[PDB]
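Asks:
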Amino acid sequence: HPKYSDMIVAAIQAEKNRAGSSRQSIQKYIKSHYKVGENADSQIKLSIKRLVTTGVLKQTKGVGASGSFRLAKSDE
DNA sequence: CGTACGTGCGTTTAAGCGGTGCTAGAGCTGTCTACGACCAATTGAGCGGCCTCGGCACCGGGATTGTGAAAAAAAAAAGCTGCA
Ligand SMILES: [Ca+2]
Ligand SMILES: [Ca+2]
Ligand SMILES: [Ca+2]
Ligand SMILES: [Ca+2]
Ligand SMILES: [Ca+2]
Ligand SMILES: [Ca+2]
C-alpha cells in the first residue's frame, strides 16, 4: 500500500466533481484500492487536518470541521 | 634467642634520552534512509480489593545426639641414685 497523502491525491486528481471535493466521495473511492483497515477513516481526517494547514491542500467553503477543498492553493 | 631484613659496597643492566622514519587508525565530512518519537485509536494485561484455607508458627513431649566438664586414668618430668 502507499501513504495517505498518496491516497488523498488519487481521489481528487482522477475525476474532479462532487462538492468540489468532500469527505464521503473521497472515502468511497479511497477504499477500492488502498485496501481498508479500521484506521482508514481516522488517519484520512488526520491527513486532511495537517494538509489543509500546511498549504498542499486549500479549503473552498466550510465552518470548523465541515466543508470542501481543492488541490491548487489560493492564488497559486 | 636466632636470623631476617636494613645498609653499604662494587658489578651489571637497561631506562631514559632524542632522534629519525613509517603508518595504523583517530577522527572529521557528506550522503542517504532505516528507524524511533510522536501523533490518534483500540483494548487487555495487570492494578486494587477482597475472600479462603492451607502453610507455618506454635506447643509439647520425649528421644536423640553433639558438646562439655568433671573426674579418673595414663605418660612424662623432675629429682634422686647408685653404679659400671
Ligand atoms: Ca471496530
Ligand atoms: Ca492481589
Ligand atoms: Ca471487587
Ligand atoms: Ca491457600
Ligand atoms: Ca495443615
Ligand atoms: Ca519439648
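Just so we're aligned: the first sequence equals residues 25 to 100 in PDB author numbering. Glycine included, each C-beta is placed from N, C-alpha and C at the ideal position.
1) Hey, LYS85 and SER98: beta-carbon distance below 8 Å or not?
2) Would you mind listing the alpha helix (DSSP H) stretches within the stretch 43-74 that are 4+ residues and don't spill past its ends, in chain order?
3) Please state whether the Cβ-Cβ distance between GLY44 and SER90 is less than 8 Å.
4) Thinking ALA64 and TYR53 are a contact (beta carbons under 8 Å), I'd like their distance in whole angstroms, please.
5) Report the partner residues of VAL87 according to the DSSP bridge assignment.
Replies: Let me spell this out:
1) no
2) 47-58
3) no
4) Contact doesn't hold; Cβ gap of about 12 Å is too wide.
5) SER90
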